[PDB]
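> no sequence for this one, just the structure:
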């Protein structure tokens, strides 16, 4: 799974962080 770093090229591995952060918006 670590190799996923190469995939990081599409810029998303980090997005997972934002996607988790937005979860707060769950409050609509």
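Alright, I've got the coordinates. Numbering: from 1, shown residues only.

> show me what contacts residue 7?
Residues in contact with residue 7 (CB atoms under 8 Å, 6 or more residues apart in numbering) are residue 13. In short, each C-beta sits where N, CA and C put it, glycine included.

> how close does it sit to residue 28?
Residue 7 sits 32 Å away from residue 28 when distances are taken as CB to CB, to the nearest Å.

> before we move on, what about residue 5?
Residue 5 sits 35 Å away from residue 28 when distances are taken as CB to CB.

> between those two, who's got more neighbours?
In terms of neighbours (other CB atoms under 10 Å), residue 5 is the more surrounded of residue 5 and residue 28; the figures are 9 against 3.

> tell me which element the more buried one falls in.
helix 4-7 (DSSP states H and E).

> Which positions in whichever helix or strand comes after that helix come out as buried?
Toward the C-terminal end, the helix or strand that comes next after helix 4-7 (DSSP H and E) is helix 15-22. By neighbour count, with 16 or more other CB atoms under 10 Å as the criterion, helix 15-22 contains no buried position.
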